[PDB]
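Reading through the structure tokens given below for one structure.
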Protein chains: 2
Amino acid sequence: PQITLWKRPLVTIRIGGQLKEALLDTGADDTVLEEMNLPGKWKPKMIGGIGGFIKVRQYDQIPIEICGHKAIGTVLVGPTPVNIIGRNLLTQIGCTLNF
Amino acid sequence: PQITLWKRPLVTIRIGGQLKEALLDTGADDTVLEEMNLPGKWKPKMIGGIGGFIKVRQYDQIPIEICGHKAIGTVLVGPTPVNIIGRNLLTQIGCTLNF
Ligand SMILES: CC[C@H](C)CN(C[C@@H](O)[C@H](Cc1ccccc1)NC(=O)O[C@H]1CO[C@H]2OCC[C@H]21)S(=O)(=O)c1ccc(OC)cc1
């Protein structure tokens with residue numbers, strides 16, 4: 001599909017039983033999800049944006065479905081105000097910027 | 001152009017006759033540039049990102065040429081970690097997400 005940017009590019013994602021709305025975000029290197037209790041091993045990390053840094057949990061090889069497209073990779077979980085689909089998964093579902 | 005996302009979508013912009021590198025950032029509502037001088041009136045504003053809130057200077061109706069495409073709109077200047085082109089200007093240059 002083609003998504004215009006008049007509004008926030010929010011789409012439905014699925015990670016486990018949870019359907020969530022997430023931002024398709026070309027400005028995010030990594031995928032950052034709102035706090036959720038995922039199973040598995042993880043590593044601590046700090047990621048920075050406007051306002052400063054937040055502490056997140058890095059989970060690897062987590063399957064996620066983004067608008068019916070399958071992806072699998074690293075997901076960062078922490079106190080973000082919005083679910084963010086970053087470039088690590090955007091490439092997997094074939095997402096490009098066009099103008 | 002079509003821009004893939006295995007690398008950060010960095011482009012050269014021209015603003016006030018200066019060339020800068022900026023990130024095409026679909027997860028940003030607003031365009032936020034690092035500390036710089038711009039002419040004309042500005043208004044103090046606050047914006048929130050992943051790490052909390054910052055103070056910015058809001059300049060309205062500023063021309064920026066983004067990868068050869070002309071925009072004229074709001075530019076916020078403040079302590080962003082990197083120059084970001086947000087949806088307010090991405091829409092002006094006809095940028096969409098496609099997958
Ligand atoms: C260093 C570049 C950029 C600022 C990074 N951000 C991605 C943004 O797309 C972020 C994504 C974002 C969106 C909403 C809330 C928090 C973050 N947007 C953002 O801060 O936009 C601000 C400017 O316009 C306004 O509209 C939205 C907030 C304001 S981020 O969320 O902080 C971020 C995401 C993933 C990362 O992985 C390493 C690292 C940082």
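For ligands, and for the atoms within them, numbers begin at 1 and follow the listed sequence. Every chain is numbered from 1 and lettered A, B, ... according to where its sequence line falls, protein lines coming before strand lines.
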Suppose we measure from [atom] to each protein heavy atom; which comes out shortest, and what is that distance?
atom: atom 38 (C) of ligand 1; result: A:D30 OD2, 3.6 Å
atom: atom 34 (C) of ligand 1; result: A:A28 CB, 3.5 Å
atom: atom 1 (C) of ligand 1; result: B:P81 CG, 3.7 Å
atom: atom 40 (C) of ligand 1; result: A:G48 O, 3.3 Å
atom: atom 31 (O) of ligand 1; result: A:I84 CD1, 3.4 Å
atom: atom 17 (C) of ligand 1; result: B:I50 N, 3.9 Å
atom: atom 26 (O) of ligand 1; result: B:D29 N, 2.9 Å
atom: atom 14 (C) of ligand 1; result: A:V82 CG2, 3.6 Å

Test log, rule side chain to side chain contact (heavy atoms under 4.5 Å, CB included), inputs A:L90 and A:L24: CA-CA 7 Å; A:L90 290 174; A:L24 299 175; 3.6 Å; yes

Residue B:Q61 excluded, over 12 heavy atoms near CD under 6.0 Å: no

Any donor-acceptor pair under 3.5 Å linking the side-chain atoms of [Y] with those of [X]?
X: A:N88; Y: A:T74; value: no
X: A:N98; Y: B:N98; value: yes
X: B:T12; Y: B:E21; value: no

Nitrogen or oxygen atoms of B:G27 and ligand 1 under 3.5 Å apart: yes

Short N or O distance, A:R8 and ligand 1, threshold 3.5 Å exclusive: no

Short N-O contact, A:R57 and A:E35, less than 4.0 angstrom: yes

Ligand-residue contact atoms, ligand 1 with A:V32, heavy atoms, under 4.0 Å: 35 (C)

For B:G49, atoms of ligand 1 separated by under 4.0 Å from a heavy atom: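 Those qualifying, in numeric order: 16 (C), 20 (O).
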
Residue pair B:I72 / B:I62, side-chain heavy-atom distance below 4.5 Å: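 No - every pair of side-chain heavy atoms lies 4.5 Å or more apart.
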
A:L76 vs A:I47 side-chain heavy atoms within contact, under 4.5 Å: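 They are in contact (side-chain heavy atoms under 4.5 Å apart), so the answer is yes.
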
Parallel, tilted or perpendicular: ring planes of B:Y59 versus B:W42, cut at 30 and 60 degrees: tilted

Mode of A:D25 contact toward ligand 1 - side chain, backbone, both, neither (heavy atoms, under 4.0 Å): side chain

